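Before any comments, here is the structure.
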Amino acid sequence: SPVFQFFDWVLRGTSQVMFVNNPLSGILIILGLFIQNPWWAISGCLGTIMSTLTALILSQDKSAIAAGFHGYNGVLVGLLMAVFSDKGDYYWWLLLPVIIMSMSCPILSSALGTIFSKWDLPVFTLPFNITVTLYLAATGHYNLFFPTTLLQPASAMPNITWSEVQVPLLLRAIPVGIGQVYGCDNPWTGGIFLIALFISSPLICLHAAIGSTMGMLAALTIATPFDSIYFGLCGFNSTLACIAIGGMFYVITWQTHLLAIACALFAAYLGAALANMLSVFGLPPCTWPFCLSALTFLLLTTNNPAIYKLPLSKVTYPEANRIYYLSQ
Amino acid sequence: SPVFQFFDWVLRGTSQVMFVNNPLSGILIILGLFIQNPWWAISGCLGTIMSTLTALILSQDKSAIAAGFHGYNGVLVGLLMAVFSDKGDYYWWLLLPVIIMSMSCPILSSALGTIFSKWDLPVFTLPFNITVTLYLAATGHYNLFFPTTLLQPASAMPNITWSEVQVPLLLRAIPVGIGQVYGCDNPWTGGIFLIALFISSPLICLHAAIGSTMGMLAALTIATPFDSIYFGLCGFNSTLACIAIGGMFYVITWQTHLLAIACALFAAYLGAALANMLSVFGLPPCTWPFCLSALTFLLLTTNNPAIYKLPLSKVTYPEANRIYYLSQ
Amino acid sequence: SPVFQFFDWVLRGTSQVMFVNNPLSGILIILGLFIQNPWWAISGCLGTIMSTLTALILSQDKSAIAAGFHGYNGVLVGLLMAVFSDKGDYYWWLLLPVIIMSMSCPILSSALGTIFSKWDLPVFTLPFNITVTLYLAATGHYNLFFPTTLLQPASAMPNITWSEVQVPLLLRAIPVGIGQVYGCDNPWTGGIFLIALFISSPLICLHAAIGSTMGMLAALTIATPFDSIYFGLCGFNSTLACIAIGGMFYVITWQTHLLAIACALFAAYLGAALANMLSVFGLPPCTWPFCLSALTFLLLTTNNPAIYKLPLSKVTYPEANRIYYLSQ
Ligand SMILES: CC(=O)c1ccc(C(=O)Nc2cccc(NS(=O)(=O)c3ccccc3)c2)o1
Ligand SMILES: CC(=O)c1ccc(C(=O)Nc2cccc(NS(=O)(=O)c3ccccc3)c2)o1
Ligand SMILES: CC(=O)c1ccc(C(=O)Nc2cccc(NS(=O)(=O)c3ccccc3)c2)o1
Ligand SMILES: CC(=O)c1ccc(C(=O)Nc2cccc(NS(=O)(=O)c3ccccc3)c2)o1
Ligand SMILES: CC(=O)c1ccc(C(=O)Nc2cccc(NS(=O)(=O)c3ccccc3)c2)o1
Ligand SMILES: CC(=O)c1ccc(C(=O)Nc2cccc(NS(=O)(=O)c3ccccc3)c2)o1
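Chains as they are written, first to last, in the authors' numbering: chain C, 52 to 379; chain B, 52 to 379; chain A, 52 to 379.
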C-alpha cells in the first residue's frame, strides 16, 4: 500500500535532520517534540508532509525521495515559524503560510544542486535558511496579521559577575545544546534525542556531545552573558558541524577528529559574529554558521594521505564508510 | 550611413528592456517617457547613448551590439538616477555622473558573462542593480552636491481600515504596475507601453498583464499599506519574472504557464522581504527580486519532458521558439 | 640550517603585501613599521610567523610557502587587530586572539583556491578581509575583554568651506596614502615604503604613486570631508588595484595603463560606497573595494590583441613578464 510507504518517507525525512536514516529514530524525535509543545510538533509535521508531497509532484529523483533527503527542510521551517510568533499557542491561521513556504524547499534545494555538483558538494541547510530569513524579514514585528517577536542590538556594556557562575547549569548546557537543533529547550527532549542518535550509530552521538561541549566552552572567552549559555543558544551550531566533518564526509581518523574540533570552534565564533551583525534587521541567526563553516572545510585540499574525502555517492554512515574505505 | 545604423542600435537598446527587439516599440517607449517627464527622458536617452558608445569602444561582439543587448542598461540607470534626486527638475550638473556610471555597464555585463557561461545562463539586470546601488550608497542624503531622497525603516504599527478600500484604483494598479518598469507612474504611459508590447508579440503582453495582477494580489495577504499598492510599486518585479519564465526561455506550455505564475508569486514575496531589509541603509529595492527569482527558476532540473529549456543561441521570441522546437 | 630558511620565508611573506618578492624589501618594511609604533610591529610579526607555521603544518604546496604566498595575510591581520583597539598600547592579552585568527588564514586561502582555479584567478586578499570582519563583528565596542573603537554613520550635513583648502597637505596625501596600506600614517614610513618598492622594480613604484594620486583626486568630486583626505584613508585602495591591473597580471602596454587608471577610479568610488554602507554595523571598510574591483577587471574579455592576460604560472614581475611575452 502506497500510504505506508509515504509515512515511512516522512519519518525518514524527520530523522534526517541529524544525518540519521532510520524510522525508529524518527518516532523518537516526534515523541520528543510532542513532549516539548504540541503546537510546534503539529506545525513541523505539517511542514514535512507538504514538502515531501511537493517534491513528489515536481518529479525529482526517486531514490532521493525514498531516502528522505527532501523532508528534512520542512520540519525545520515549520518549527521555526511556530517558535518566532507573538500571537501565542493555537493560532490556526499560521498554518496557511506554512503550506506555502514549505513548497519553496524542494525548488531551492534543486537549484543549488546544479551549482554545487561541479565541485561535488552537498546542499547542507541553505534552503531552510533562505526561506526562513525571507519570511521573517517580509513579515516583521509591525505587522497586522503575523507579528514576530523582538530582537534588538545591544546598547550598553553587559553586567557580569564571575562570582555567581553555577557549575550545575554550565554542565547542563550540553543536552539542551543538542536539543536546540529542533528549537526545543527542555533537558528531557535533549536526552531523548541523544538516545535516538545512539540507537543508530554511536559515533554520531559522541561527536554531537563533543561539539556541544566545544560550543559551550568557546563562548566563555568573549564574555557572553550567562543567560544565552544557559538557554543553550551558543551550542547548537557546533554539533552539526562536528558531526558533518568528523565521521560522515571524511573517513574517520584522529587527524579528522582534530579537524572536526577546529570546525566546531570556528563555527562557534562565526555564530557569535553573525548573531551580532544580523540583529540590526531584527532577524535571528539560524544555521548560517554551520553551513558556511562546513562548506569551507570541505573545500580544503591537503597532501596528507590520511585526510580522504569520500564521493557523495557512497556516504551512508561512519562505520560503513570506514569499512568501504578499508576494503578497496 | 553609419549614423542611421547607430540610432537604430540605440532604439533597439531602448526597446530591449521588456524583451522586445523592434525599433517601432522603441519609438513608442520614448513617446511614453516624454509624456511622463521630459527631464527623465533626456537622462535615459543620454545614458543609453553613452553605454552603447562605450560598448563599441571596448570592442565586444558585433552581433550583440547590433541586436541591442548593450543598451538596455543605460536607460534604466539614467532614469533611476533622475528619479531619486532631491535637487528638482533641470539640475544640469546631474548629467556629469550619468556619463561616468553608464560606462560601467558594458564592463560588468561582460565580466559576469564569463562566469554564467559555464551553466548557460543570461545576465538579466545585475549590472544596472550594482551600478545604481553603488551610486546611491556612495552619495547619500547628507551630501553637498547630489543629495538623494529619504527612505526610512518602519517604526510603528500601520493603520489600515478595510472599509475604505476602493475597487477602482485596485483594478487601476495593473497599467501603472506595468508602467513602473521604467519608473513612470502615469496610467497613460502604462497603456502606451502595453500597446508597444502588443505590436510585437501578444504572448509577452498577456504574460505581463498576468504578472502585474499576480503581484497586486500577492501584496494583500501581508497587509501592505494601500498607498504602495495604488502607486504600483508592488507589481513591477512580477511582470519581468513572468515574461522571462513563461514564454521566452522555456518553450510555451501550460506547465510552464503555472511555473511562471509561481515565479511571479515568489518574486513578489522576495520583493517585500528585500524592501524591508534594505531600508536600513537608505537604499530602495530595484530589480533585485526579479534577478534572483528568475535565476533560481532557470537552474531547476526536472524529469518531466514538457519542461524544455532552450539554448541561449536560439531564443528570439515565443512564437519563433515554439515553431523551432516543433520543427526538429 | 632550517632556521635561516624559515626567517627568509617570513621576510618574503612580509614583503609580498605589495606584490614584491625580495628579503631586502622586507627588512625595509619592518624598519618602517618599527618607526611607526613598536607594538603594531610586534603584533604583525607574530601574526606572519604563526600563519607561516600553520601553513607548514597543514602541508600545502612547498613552492608557494617558499615564495611567501602564505605569509602576507598574517601581517595585515595582526596590524589591523592592533590598530582598532581601545585598551591602548601594550595590552599583552591581545596576543592571544592574534594567534588564533592567524591560523584561519592558511585554511581560507586554500578553500577559495579550489573555487577560483576554474577561471584561473588569484585569491587577492579575501582571507584577511573575512577574518578581520569576523573578529571585529564578534567582539564589538560593548565588550568586556577586547573592546573596539567606535564608528558611527553620518547624521548631519557636513560643513565644508572651500576657502580653507591647503595645497601643501593635499599634495602630502600621496606618501601617506601609499603608507596606509599597512595601517601607518606617518610620512616617513611612506617614503621608506616607496624606496623599498623602488629597489625591486620601478614600474610598481610608479603605478603606486599614480594610483594614490588618482584616489586622492577622485574623492574631491563628492565633497568628502577634508580630514579623511588628509589622513590618507581615501587613497590606499587605489594603489593596490592600479599595481595589480597595470603591470603584474597584464602585459604592460598603454591600453593596459589606461585600464589601470580606470580601475583606480572605480575602486575609489566603490570604496566610498562600502564605507558609507558598512558604518551601520560599526565595521570599517578594509581592502574589500580593491578585491572586488581587481576581480571584476580580470574577468573582462575583449577582442583587442594588445590586452593579453598572462597565465598564473608565469607572473613574476612586470619586466620579466614583458620579456617573456616578447620572446615567444
Ligand atoms: C541537515 C543536514 O545538514 C543534512 C542532512 C543530509 C544532508 C545532505 O546534504 N545529504 C546528502 C548526501 C549525499 C548527497 C547529497 N547531494 S545534494 O546535492 O545535497 C541533494 C540535495 C537534495 C536532493 C538531492 C541531492 C546530499 O545534509
Ligand atoms: C537550528 C535553528 O535554526 C534554530 C532553532 C532555534 C534557533 C534560535 O533560537 N536562534 C536564536 C539565536 C539568538 C537569539 C534568539 N532569540 S532571542 O530572543 O534573541 C533570545 C536570546 C537569549 C535568550 C532568550 C532569547 C534565537 O535556531
Ligand atoms: C531586461 C532583461 O531582463 C533582459 C533583456 C534581455 C536579457 C538577456 O539576458 N538577453 C540574452 C539573450 C541571449 C543571450 C544572452 N547572453 S548574456 O550572457 O546575458 C550577454 C550579455 C551581454 C552581452 C552579450 C551576452 C542574453 O535580459
Ligand atoms: C525597475 C526599477 O528598478 C525601479 C524603478 C522604480 C523603482 C522604485 O520605485 N523602487 C522603490 C521601491 C520602494 C520605495 C520606493 N520609494 S519610496 O520613497 O520609499 C515610496 C514608497 C511608497 C510610496 C511612494 C514612495 C521606490 O524601481
Ligand atoms: C598582496 C596581494 O594583494 C596579493 C594577492 C595575491 C597576490 C599574489 O601574488 N597571488 C598569486 C600569484 C600567483 C599565483 C597565485 N595562485 S593562488 O591560487 O591564488 C594561491 C593562493 C594561495 C596559495 C597558493 C596559491 C596567486 O598578491
Ligand atoms: C589595508 C587595510 O586593511 C587597512 C589599513 C588601514 C585601514 C583603514 O584605516 N580603514 C578605515 C577606513 C575608514 C575609516 C577608518 N577609521 S575611522 O575611525 O572612521 C577615521 C575617520 C576619519 C579620520 C580618522 C579615522 C578606517 O585599512
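C-beta atoms are modelled at their ideal positions from N, C-alpha and C, and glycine is treated no differently.
- Rounded to the nearest whole angstrom, the CA to CA distance from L245/A to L254/A is 12 Å.
- Between ligand 2 and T200/C, a heavy atom-to-CB distance of less than 7 Å is present.
- Within the same chain, Cβ atoms closer than 6 Å to the Cβ of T176/B are found at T338 and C342, the five residues on either side in sequence being excluded.
- Taken atom to atom, the span from the alpha-carbon of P238/C to that of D140/A is near 46 Å.
- Residues of the region 330-364 of chain B with a C-beta atom less than 7 Å from some C-beta of chain C are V331, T347, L350, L351, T352, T353, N354 and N355, listed in chain order.
- Using a Cβ-Cβ cut-off of 8 Å, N194/B counts as an interface residue toward chain A, since at least one Cβ of chain A sits closer than that to its own.
- Ranked by Cα distance from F197/B, the first of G234/B, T105/B, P148/B and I211/B is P148/B.
- For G298/B, the closest of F287/B, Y376/B and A318/B by C-alpha to C-alpha distance is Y376/B.
- Here the C-alpha atom of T240/B lies approximately 6 Å from the C-alpha atom of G230/B.
- For the C-beta of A162/B, the chain A residues within less than 7 Å are, from N- to C-terminus, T347, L350 and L351.
- Here DSSP, grouped into helix, strand and coil, assigns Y123/C to coil.
- Check the Cα spacing between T264/A and each of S252/A, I294/A, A247/A and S251/A: the tightest is with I294/A.
- According to DSSP, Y301/C shares a beta bridge with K360/C.
- Sequence-distant partners of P369/A (beyond 5 residues in either direction) whose C-beta falls short of 6 Å from its own C-beta, in its chain, are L254, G298 and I303.
- Here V232/A is not near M132/A, since their CB atoms are 8 Å or more apart.
- When DSSP states are grouped into helix, strand and coil, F282/B belongs to the helix group.
- Relative to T290/C, the option among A259/C, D59/C and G119/C whose CA is nearest is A259/C.
- Not a single CB atom of chain C sits nearer than 8 Å to the CB of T200/A.
- Those residues of the region 291-317 of chain B placed with their C-beta closer than 8 Å to a C-beta in chain C are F317, ordered along the chain.
- Listed along the chain, the chain B residues whose CB falls inside 7 Å of the CB of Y281/A amount to none; the nearest CB is some 18 Å away.
- From the listed residues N355/A, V366/A and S364/A, the smallest Cα separation to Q111/B is found for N355/A.
- For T353/B, the shortest C-beta to heavy atom distance toward ligand 3 is 7 Å or greater.
- The three-state reading of DSSP puts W339/A in helix, counting H, G and I together.
- Within its own chain, the residues whose Cβ lies closer than 7 Å to the Cβ of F332/B, once the five positions on either side in sequence are excluded, are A188, listed in chain order.
- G122/A and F58/A have their C-alpha atoms roughly 11 Å apart.
- Between the region 313-332 of chain C and the region 96-110 of chain C there are fewer than three inter-stretch CB-CB distances shorter than 8 Å, so the stretches are not counted as touching.
- Interface annotation for the region 259-274 of chain B against chain C: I273 and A274, criterion Cβ-Cβ distance under 7 Å.
- Residues of chain A with a Cβ closer than 8 Å to the Cβ of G98/B do not exist, since the nearest Cβ in that chain sits about 17 Å away.
- In the same chain as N180/B, and ignoring 5 residues on each side of it, the C-beta atoms closer than 7 Å to its own belong to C337, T338, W339 and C342, in chain order.
- Per DSSP, reduced to three states, the secondary structure at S52/C is coil, with no helix or strand assignment.
- The Cβ of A118/A sits no closer than 8 Å to any Cβ of chain C.
- For the region 147-177 of chain C, the set of positions with a beta-carbon nearer than 9 Å to some beta-carbon of chain A reads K169 and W170 in chain order.
- Residue-level contact check: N327/C touches chain A, since one or more beta carbons of chain A fall below 8 Å from its beta carbon.
- In this structure, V126/C is the residue among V126/C, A313/C, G164/C and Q217/C with its C-alpha nearest to the C-alpha of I100/C.
- Only exposed fits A371/B, as fewer than 16 other CB atoms lie within 10 angstroms of its CB.
- For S364/B, the number of other beta carbons within 10 angstroms of its own is below 16, and it is reported as exposed.
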